[PDB]
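Observations on the model geometry
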Amino acid sequence: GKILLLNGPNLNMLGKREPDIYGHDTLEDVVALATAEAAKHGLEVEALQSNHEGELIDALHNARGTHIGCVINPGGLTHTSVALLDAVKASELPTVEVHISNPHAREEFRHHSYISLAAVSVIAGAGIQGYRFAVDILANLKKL
Amino acid sequence: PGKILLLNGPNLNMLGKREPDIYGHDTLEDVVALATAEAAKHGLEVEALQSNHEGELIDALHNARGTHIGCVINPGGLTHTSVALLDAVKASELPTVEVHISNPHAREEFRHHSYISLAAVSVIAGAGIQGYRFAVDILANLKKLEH
Amino acid sequence: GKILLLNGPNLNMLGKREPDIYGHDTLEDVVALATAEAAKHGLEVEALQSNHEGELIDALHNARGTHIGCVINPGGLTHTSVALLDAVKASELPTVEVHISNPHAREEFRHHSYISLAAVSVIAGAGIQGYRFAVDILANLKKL
Amino acid sequence: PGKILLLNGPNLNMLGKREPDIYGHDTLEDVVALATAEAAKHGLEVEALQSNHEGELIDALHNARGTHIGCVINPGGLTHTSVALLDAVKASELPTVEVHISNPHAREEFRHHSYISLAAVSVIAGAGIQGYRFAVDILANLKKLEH
Amino acid sequence: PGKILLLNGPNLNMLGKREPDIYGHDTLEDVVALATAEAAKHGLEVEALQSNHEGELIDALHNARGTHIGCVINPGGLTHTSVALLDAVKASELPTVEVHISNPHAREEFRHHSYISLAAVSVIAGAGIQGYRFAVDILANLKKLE
Amino acid sequence: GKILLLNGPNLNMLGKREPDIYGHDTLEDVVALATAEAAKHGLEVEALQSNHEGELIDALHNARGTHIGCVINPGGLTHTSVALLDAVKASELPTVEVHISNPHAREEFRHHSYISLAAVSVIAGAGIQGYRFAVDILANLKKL
Amino acid sequence: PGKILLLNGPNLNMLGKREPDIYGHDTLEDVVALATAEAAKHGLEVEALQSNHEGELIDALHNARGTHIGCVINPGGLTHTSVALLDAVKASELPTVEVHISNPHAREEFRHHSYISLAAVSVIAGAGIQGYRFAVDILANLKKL
Amino acid sequence: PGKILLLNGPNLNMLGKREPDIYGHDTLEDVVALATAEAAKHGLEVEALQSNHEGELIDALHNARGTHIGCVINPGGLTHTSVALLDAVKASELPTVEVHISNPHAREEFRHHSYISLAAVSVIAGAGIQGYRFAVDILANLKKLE
Amino acid sequence: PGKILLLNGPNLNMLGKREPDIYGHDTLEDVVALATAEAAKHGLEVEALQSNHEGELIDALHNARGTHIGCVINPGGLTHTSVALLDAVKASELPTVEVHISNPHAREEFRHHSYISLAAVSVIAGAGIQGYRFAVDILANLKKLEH
Amino acid sequence: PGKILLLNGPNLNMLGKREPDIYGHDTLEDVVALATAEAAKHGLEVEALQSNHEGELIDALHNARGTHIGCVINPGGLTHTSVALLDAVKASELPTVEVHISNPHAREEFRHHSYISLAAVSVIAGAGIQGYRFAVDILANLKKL
Amino acid sequence: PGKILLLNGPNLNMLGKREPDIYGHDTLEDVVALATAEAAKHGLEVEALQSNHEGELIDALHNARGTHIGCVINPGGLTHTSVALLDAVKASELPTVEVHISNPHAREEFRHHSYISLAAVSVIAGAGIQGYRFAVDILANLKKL
Amino acid sequence: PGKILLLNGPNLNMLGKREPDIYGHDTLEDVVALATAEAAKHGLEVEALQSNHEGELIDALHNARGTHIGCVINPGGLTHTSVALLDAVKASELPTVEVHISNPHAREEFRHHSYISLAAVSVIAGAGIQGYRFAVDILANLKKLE
């Protein structure tokens, strides 16, 4: 069983700026944590990070029927992309939306999510542990 | 070690009653049991309170200041309306996880705003009652001065 | 057969200020009128007035399955309380919303009603006779 | 004693035709009959007019000034759009009850505003055609200088 | 002689009895008489129409194209609501003066917008029925220059 | 088989102002084009143009069950009339909304259409050819 | 003997030069001349002020309280922006006619709102400088009643 | 002697420990003591109630009708949200002074609206707990004139 | 004579896959075939491109400037969001017909705004894939300096 | 020795005459008198200015920088409209108490917003002229700490 | 010979003192000096005015009509509020470059709107006092063409 | 020498032919040449990239972190729409000058908002391609002080 792990724009920079101020956790840390949780359920993870909205949409489309679900952190595309929302819908994958930080503690333009309209679940502000909980949700939906 | 304050707001006592094949079969008892079981995995306890009275939830937040490690709250309809409850979360100084069973963003526009999200360390929506399990996990693992 | 008659905040003050300016009708008048109409249909009325939103919600919850319907004048909670709307829904009682005055002739913040989203019927500006008409609606829905 | 002006606006002539098991089987004839029967209980008469033409309803309001005791109106879609109809209600000086068969607040956002509600003594929504019966009862019992 | 189209929209037939504290006690007959007297000073005539029917005002505008020097219009409630009536004023090509008896910008917020003001050469509000007299003056003097 | 062709306020003035600036096409041109397209499908056209909203509503009501569909250019009523929207719904006719010009290139108050909420299809800015395409849509829906 | 306060707000001194396709070829001198001549037909006088300084218009309104029969005002850009000027019109207790040379409701959205229209007995827009003549007519005939 | 109703809404019991950088270190006891001392200067008494329950504040207002010279209220969060509490202030007929410790108009936009300000005779914000002292002064002097 | 640029935006490749009895059975291949067939009736050709990448559609618009007679575009979700795509339509100077298969006005409020409608000569919504056929007809018949 | 800058903005000179049912029968002289007498109880002086000219209030704020302990201001209609005046209060670095005689949040919606409240340490509304006395009390006791 | 009108609106006289973390440590004297020196490199002169009085800026715009090659303006808080000043820029017919020391679109929402940007040929924000140098460069080179 | 990243977003490759009445007749080559000449005056180089692809601009920003003294960006349409691009400017830690050829605040209301202005040190609009010259000047002089 395979989960699609998608990380959107800027997520490649996790842990790359001064980590004492901007965080020590890296994208590799995110993938490893999601992968280890998936392994507890006999599942695998296909991970992709891209600063290109089209590469995420292509990935969602290509995973239709082949994956049990999608964990997505869309980054700034959260607030802006109808096309990304329509790609989650077209994929027909049960999708969990993850934010490492709590967008509602940030600027008001970050409060709105298009993805939240189609996501089965939304996890914000749990740090990279949101990706662990997202894998648990998809593992357990699939079992039901 | 320590105690988590579990707060369920108005209407949460009625979980599982209306059209369960559409809205869910899980009950408030199931919620408290699931959170209490996850807390035990971390050597923690849960003090659960459900109320239809905003002031009862505010009283509980105030009384838990300095004696509890954190709060898991599902404010129900107060989520969208109560400044006083947000100020009670801040006054408690409890690190707070906001939980919704359903995804409010899939519902009416008035349900898309949360006062509690402004102060919550984390917000979990649409994971069913599993949201409460992940909330207990977050509070168990939070360290002083994180983020 | 029993109808739940709920009166929200401030309704206890009906008829208590100078009645020539603020009205002669009292809460007792409201309960008696609803009760007499209910009696015409072989029905009874359980009446509660509270300045506490929680006492109304508790009442709605406790009347689930035991009452044929709810007549509610929510007072200022009309415009503000999502929790009260969700309590009407959770009660599963057919609910008639009553306003003694016409809110639409008052300040604009009184124009919006959360209760109107779940109420079967809304009666405004008929004075205390709105409670009579509300009982008639519930008596006749029950008969069908 | 006296005559009530019963006004039904655009589309009310088509009551009972579209998906009646969902929207209703009652007809305009049923509405006029029900209001006329309630009026008779109070020694009153009804003059009923339905029109798809705003100006016909305005003409009728003007012509009823001083000769009728009040107006029961269901403006249909004009409810949300017509300042001229509101001004015609005011010009008629008829105490006016606004009636909707369905509850407009359960429908699209544009149906939540009513110009007529600003001038109406009473507004009844969602009582089916029984709304017209209660409206006649209100006008029968209204006293000069009430509220 | 040249002719001015005087159009009064819904409810203006009720002038005199209609909310006098707002509209005064002057009647539609008084409005037409004053406009007619002012036009005569300029050697002009007035063709007056009041209707409660938006389509009658539109028909009148179309039918006045090319035979009238201009239009004086009080659209009443239709002021705030009718795109169709604005489009009829434009299609008539009549220089159009918009008149209101009350001052709508001192009244409810729903009266603050005017479709007709987008096409009117001039707008007069709150001058009781004298607005119609000034409107005729505007049109007589526009025609003299053009 | 009959199509109801409705033209709303001001459409009678098509081609009547200086045509080099305001257009040469006339209402007669619109009716002839729709009629000729309908004839290609063995269908007829009943055409009505009115500056009166009530005459359009009456027409829609009277065509219930007797016509295969309605082509409507509502003119300025597009943006304003809930009553006209409710008349399209009450008619139960499959309805195509036509604009000769593109309203979205005009003032912002012309961007909103009530009719678009009930119309099966919306054609804007194709000139009078939008009426031809509207007839094609209704001919082909009827065949299915 | 009866006196009308004629106030013109910012930029009105530039009439005849300022954006002629919007405001026309008439001058502030033409405006004052027309208002003055109309007032004389009613046996009234005109005290005219134009200023680019809001405070000078407000002082003029206060100073005319109880001594003048009314005010004709074209506030210019202050029409859309100044609560202080609205409050000065109300403090003056002068019946006030608001005049605009241009039709503001045919221009940018920010010109659609007028604080002065909340207190004005009458508003005239788009009649060129003739709006000032009609405004004197209004004030002359309100006083006469 | 005359009596002033001092009402503090939700969270004000936590004054002292609650967000001191915003609310200061003065306690509810300090608030009640200062109001009580000021009232005594005017030969008046204070009946103080704090509650986290909107209905207890409403009950208190109803029950103070006709036995209190006025009300000093800090509604806390309910300021921005409660029509019911405004309606209770109105029904009490108590001359009402609205007090805020912080300046809400310098804070989040959701704190910029006040239902209570629609019925309050006066509103004092941002004067720490001294707002309650000035509020008592307002009510003592209103009563002296009326 | 000449070539029409047919652009289909994000997700249009997935046409016909999700709940086809509800959303439709027609495919992107059907769209290209229908537009290509109508173009042939007018002695015209079609260059079709579908992409999930906004920049690919912008590149295509730029590369078609002066070499194509017009553009038929269904921007998909970019309709509501992309200023850059509107500016690419303007930079191409291609007369452009905007096509939607479904009627966006019957859907969520955010789908009611189109940047492309501001520059498009025509907008067709809700004619199914027949919209693309009418779009090709419009471009075939457009004359220089019309309207 | 300590000096308080007392500023009154447009129309305040008309107190006692201007819309008495809203503003009452007290005068600007009563306001300055009350503020002056309260300041004296704290051993402070008052420098009072009223102007219908925004620029005169802004100059006064700049000129009081570093020499005064605080500002009491009633901006009048400028309360709702002037970013320049807010920026003048911030440039002054004076602790500022905003005073309104009327309760603006009980009046027209356009009076609900105050640029000055963004910088003011305190806002008093609806206490008649007594708000100016409480404002001096605030400034006296902030300085004392 | 060619003359540039340099206008600074309210509070700009307080540069170097006013909220240094937002506006920096440069003075109005530094601003005028930099603009003057840049204009000289193009053989142009600068006529500089700063005022806390909107009416003084409007008078300056009118008085520079036809005699000056362009205007560099920092309107201060009036940027967001004054239709009268926008209309004065249009009446002047001067090519106008709008300058802000701070980046207003990085500050409070009420600073996001500029009436002046509707008429300005160019807008420079956040370049400190160097924006005034670039503004002279723009005006010098528009005139040269 | 130090290097400045010059980024041009969608449609700017079409400068010269694109709506000249709005953007002028200067080409992207001219933009790059002018920025390059100005940088040389300060002993600096320019690395220029134009793309119609938001992700290529983001990749460029990430890849320029720590090797460039600053960024000059004209985001084109993405200005008003892209949170992702703002977040990339922030993550790059490059002092960033935002440049527009046209004055967007004199144009459609949808052009009035800029995400990039929230992180840019400076914003220059409406100076034709000279905005890029001033932008280089800003970055050369910021670097000299820091």
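Residues numbered from 1 in each chain as written, not as in the entry; some residues may be left out. Chains lettered and ligands numbered in written order. Heavy atoms only, no water.

Its PDB header names X-ray crystallography as the technique used to obtain the model and reports a resolution of 1.80 Å.

What UniProt calls "binding site: substrate" maps, in this numbering, to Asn74(G), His80(G), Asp87(G), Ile101(G), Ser102(G) and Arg111(G). For this annotated set, covering 38 residues, the C-alpha atoms extend up to 24.0 Å from each other, a dispersed arrangement in space. Judged by its relative accessible area of 4%, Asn74(G) is buried. Residues contacting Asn74(G), with those up to four places away along its chain left out, are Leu7(G), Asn8(G), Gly9(G), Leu12(G), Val99(G), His100(G), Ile101(G) and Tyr132(G). From its side chain, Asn74(G) meets the backbone oxygen of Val99(G) in a polar contact 3.5 Å long. Within the fold, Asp87(G) resides in helix α4 (residues 83-92). Note on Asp87(G): relative accessible area 1%, which makes it buried. Ignoring sequence-local partners within four residues, the contact set of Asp87(G) consists of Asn11(J), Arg18(J), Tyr23(J), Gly77(J) and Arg111(J). (UniProt positions renumbered as here; feature names shortened; annotations may be inferred. Buried < 20%, exposed > 50% of the residue type's maximum accessible area, 1.4 Å probe, protein only. Contact = heavy atoms within 4.5 Å. Polar contact = N/O pair within 3.5 Å; in protein donor to acceptor, adjacent residues only side chain to side chain. Helix = DSSP H or I, 4+ residues; strand = E, 2+ residues; numbered from the N terminus.)

Let us now look at the interface of chain J and chain G. Taken residue by residue, the interface counts 18 residues in chain J and 18 residues in chain G. It is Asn11(J), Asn52(J) and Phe110(J) that lose the most area in chain J upon contact with chain G, and together they represent 32% of the buried surface on that side. Run the count over chain J and chain G and you get three salt bridges. Of the charged contacts, one joins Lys90(G) and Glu19(J) as a salt bridge, the two residues approaching to 2.7 Å between their closest N and O atoms. Counting every contact that joins chain J to chain G gives nine residue pairs in polar contact. Of the residues belonging to the side of chain J that touches chain G, the class tally is five nonpolar, seven polar and six charged. (Buried area = accessible area lost by both parts, 1.4 Å probe. Salt bridge = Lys/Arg side-chain N within 4 Å of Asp/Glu carboxyl O. Nonpolar A, V, L, I, M, F, W, Y, C, P; charged D, E, K, R; others polar.)

Attention shifts here to the UniProt feature "active site" in chain G. The UniProt record marks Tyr23(G) and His100(G) with the feature "active site", using the residue numbering of this structure. These residues run over 78 residues, yet every pair of their C-alpha atoms falls within 9.4 Å of each other. Structurally, the position occupied by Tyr23(G) is in helix α1 (residues 20-23). When sequence neighbours within four positions are dropped, the list of residues in contact with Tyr23(G) reads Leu15(G), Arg18(G), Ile101(G), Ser102(G), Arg107(G), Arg111(G) and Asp87(K). Within the structure, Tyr23(G) has its side chain in polar contact with the side chain of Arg18(G) (distance 3.0 Å). Along the chain, the position of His100(G) falls in strand β4 (residues 96-100). Its relative accessible area of 8% is what places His100(G) among the buried residues.

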